[PDB]
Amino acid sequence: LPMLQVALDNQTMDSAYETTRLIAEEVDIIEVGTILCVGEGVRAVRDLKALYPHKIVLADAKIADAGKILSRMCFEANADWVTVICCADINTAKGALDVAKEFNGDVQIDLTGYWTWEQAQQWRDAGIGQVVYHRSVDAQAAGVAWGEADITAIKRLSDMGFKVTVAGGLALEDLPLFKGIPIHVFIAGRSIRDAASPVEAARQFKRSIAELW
């Protein structure tokens, strides 16, 4: 089944713990959001893995360069997975992946914004096995919806051999759009954190995934 990842896009640890104390056991993957990486630094990764060592912890660093340095900082802090942003030089993805392998972790290419199918082939040739197909939250705020071109692009990525994570303002009602595609992970940030009942929000995601897959 597709896994459920909660994005902790909080500015401080104590704000993040407001969410994790409700739903840590309701999800599969705990993401240290970019917001939290910037707010608190890599201590966020170390602290959350110590709290939830049985969960996969993703550091959503969106590394643009200095792949070896930034990945090593995240993996020394006990990250399982780290993200590299799609425009990074191929040697950045390669460097992050080499480090990831030392720690038995993995790298995902986050596909927010502008990238090309040629770059996607490069990531595959470099041994990248995961991508995050990601509607920009700012594009979302400007009225960009999920659409059929996204579905086509997700299937294409899956056919290239990537495990695909889907993200970007996902609500429960969006899940049927992706039906029939072997999605690796759905990310939910706001639709869990900001729900009247975060626990019900998470369980509904899992319920719906179970029905659909």
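Numbers follow the displayed sequence, beginning with 1.
*Asks:* If you average the CA temperature factors over each stretch, which comes out higher, 41-49 or 176-184?
*Replies:* The stretch with the larger average C-alpha B-factor is 176-184.
*Asks:* Taking the mean of the C-alpha B-factors per stretch from the entry, tell me the winner out of 82-90 and 115-123.
*Replies:* For C-alpha atoms only, the mean B-factor is higher in 115-123.
*Asks:* Taking the values straight from the PDB record, which of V164, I29, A171, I69 has the highest C-alpha temperature factor?
*Replies:* Answer, based on the entry's C-alpha B-factors: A171.
*Asks:* Using the entry's values, work out which of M160, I56, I35, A59 has the largest Cα B factor.
*Replies:* Across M160, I56, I35, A59, the entry lists the biggest C-alpha B-factor for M160.
*Asks:* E102's Cα B-factor: lowest, middle or highest third of the chain?
*Replies:* Ranked within chain, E102 CA B lands in the highest tercile.
*Asks:* Once the chain's modelled residues are ordered by C-alpha B factor and cut into thirds, is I151 in the lowest, middle or highest one?
*Replies:* As the PDB entry reports it, the C-alpha B-factor of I151 lands in the highest third of its chain.
*Asks:* Looking at the temperature factor on the CA atom of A142, which third of the chain's modelled residues does it land in?
*Replies:* Answer is highest: the recorded C-alpha B-factor places it there.
*Asks:* Could you look up the Cα B-factor of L4 in the entry and say which third of the chain it sits in: lowest, middle or highest?
*Replies:* For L4, whose C-alpha B-factor we compare with every modelled residue in the chain, the answer is the middle third.
*Asks:* Select lowest, middle or highest to describe the third in which the CA B-factor of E200 falls within its chain in this entry.
*Replies:* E200: CA B-factor falls in the highest third of its chain.
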